[PDB]
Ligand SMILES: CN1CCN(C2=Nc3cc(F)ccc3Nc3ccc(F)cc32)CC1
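Only one chain is given next, in structure tokens, and it is the form deposited without the ligand.
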């Protein structure tokens, strides 16, 4: 009930108006997710990202409540920090830390990452996934667009609008929520998928870092899914150009047999991650992609 939803949100949020706590707002996005602004927390100095949503015109308010509750109880260095929330009438405000280095998408479409840089990003993403999976949370929409970067090269996962919480019982999901091009075959070829769908998506993200886009980006999403389900593990355009350990890492992330596919815990031990360069090695790419917008 819209009424119950407001009472639930009322219990979650901090009290009052945020217009006092933040100052130099600046409107960025304005999609259907609500209006996003950059602003400054006046008491800590921290620059933040604030999403304002008019509730009565928000579709699935339960997903928003789920998102806040999951973020609040699953804080981690590799996840964009959820800071606070406020409700002013039917206006809901969600405050997140702001990362000034844009997203991984900007980097893969505007620059050329070397293997040491790719290994670093893959490691940081796997750290977030091991943490989430160990806490029974499946992100379900892993893709470069959901990987935000700090100017210092910090790598953090965001957008928990489609996550799932599982248990011993209800250990598998079946709802199709992810972005087509990054979806694991089992999301389609069957029902009941588990945490490893995020590992598959990470593998597609690695392909993005190598080739600039996920396989089949050129195709209608509807056709991509059929291809993903019928072609299975994607073929690289120039596999010979990659080191043997990077090819092995990709093979483990993109295996068709879910049981065979690596888990986050297993992949954090992979030798490909050991060639990772310091995260600050990403700063030049981030700066280049920020300028080339």
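Residue numbers count along the first chain shown, from 1.
Note that the form solved in complex with the ligand isn't included here; everything after this is about it.
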Practice item. Backbone and C-beta atoms within 2.4 Å of 3 or more ligand atoms means blocked; with that in mind, superpose the ligand from its pose in the deposited complex onto this chain and give open or blocked. Key: blocked
Point to revise | Within 4.5 Å of the ligand in the deposited complex, all of 201, 204 and 225 (non-hydrogen atom) | key: no
Check your understanding: Is residue 210 close enough to touch the ligand in the deposited complex, meaning at least one heavy atom pair within 4.5 Å?
Key -> no
Check your understanding: Does the ligand get within 4.5 angstroms of any non-hydrogen atom of residue 216 in the deposited complex?
Key -> no
Check your understanding: So, in the deposited complex, is residue 86 in contact with the ligand at a 4.5 angstroms heavy atom limit?
Key -> no
Exercise for review: Report yes if any heavy atom of residue 67 sits within 4.5 Å of a heavy atom of the ligand in the deposited complex; otherwise report no.
Suggested key: yes
**Study point:** Among the candidates 108, 132, 122, 183, the residue which, in the deposited complex, approaches the ligand to within 4.5 Å (heavy atoms)
**Key:** 132
Review point. Going by heavy atoms within 4.5 Å, which of 154 to 162, 216 to 224, 112 to 120, 188 to 196 lines up against the ligand in the deposited complex?
Key: 154 to 162
Check your understanding: Which residues within 9 to 28 place at least one heavy atom within 4.5 Å of the ligand in the deposited complex?
Key -> none
